């Protein structure tokens, strides 16, 4: 017709009654059966266009990539973000900062030391810290959160920290606080009613204070770098950004500034820590529930890699089962069910519907990741979803946990390295033991807002 169809919204409240609050993804799936793959929803007064199923997602994100390359900024994000980096940036500001970040985040994008070497050092440090637990019951939340944060610390400041260093503990405290705030179920009420942000500013003020603390901490590092930076010899992301700024002195306007560097660094810490941490925490929980899966991974680790050397990225192609398990964890868990909000760059005609410039687009990653035809029994954890009859790795165009198109995760290659290297290192050195027993523990995702998190669990890391 003209505009995508949808349920008639109620005045002021919008479509909140149909969407709900607990499971947003199931509501979008039910609405798609009534309104089709392209439908309109109202988050208060804000019109949102939801894309359900692979065909609609692939046509928008890949075929009309540039048109759907914009980032939709919700009321809370708008108030909690003073200055943009990469995540909430748009236009030429986003295009330049993203292109720089992608080139810098390549394996050999920051001088002599590789991204892999930084992850490999962290994987070795992770094992040493799990060894300190003395095979006693523990909540892995803290230890599994330390490694991805330290990888970004090693990428931004060229040096990792001891899991006891106060400045590292402070940085993690601000990141965990911000995630707890963003993952609080009553937060979407601010997006449905942007007026409530003015009457109840306590939420966004706390996010602003933690971001300002992180920005100022990063500012100390950029000054230390400016003091000892050697041009022609970069060691990290800051060094690469400062020399890009030197190349930008001619044609002064510049998208690359000390301010934009602080914003990009906090974005990389925010988007790169909890995503990887939660996936690792969920992976270990799923490995406890399925010890037969864990045993087959350990068989591959013992045969391809030994016990006398650390795992590397070259081992992955020779390890189809382990690669399938990693892919299955990401596919099953559906970490970001609706990804990050998108926005249309210009007025476009999509599926015989007119979507005007700046309209917020919600990509249902669940509809792709949990496709019934591509993954028979999609609500069940099964490495066979990424395996053929012979046990060889079976790729899927439906594997979109990092989303797709122009806005695809900048840390896709990094997260892949971290997930593979950390999990193989843990299972090479330790056997996972549950105090509750495999039958008793629940692995069903706890969807509270716009992120899937595992339930609380404890486990023993027994050395092999």
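Residue numbers count along the first chain shown, from 1.
128-136 and 328-336 differ in mean CA B-factor, and the higher of the two is recorded for 128-136. The PDB entry records a higher mean C-alpha B factor for 240-248 than for its counterpart among 240-248 and 168-176. Set against one another, the Cα B-factors of 373, 118, 351, 342 in the record reach their highest point at 351. The PDB entry assigns the greatest CA B-factor among 122, 347, 389, 315 to 347. When the modelled residues of the chain are ordered by C-alpha B-factor, residue 437 sits in the highest third. In the deposited entry, the Cα temperature factor of residue 189 places it in the highest third of its chain's modelled residues. Among all modelled residues in its chain, residue 409 ranks in the lowest third by Cα B-factor. Among the modelled residues of its chain, residue 261 has a C-alpha B-factor that falls in the middle third according to the deposited record.
Annotation for residue 394: C-alpha temperature factor in the lowest third relative to the rest of the modelled chain, per the entry.
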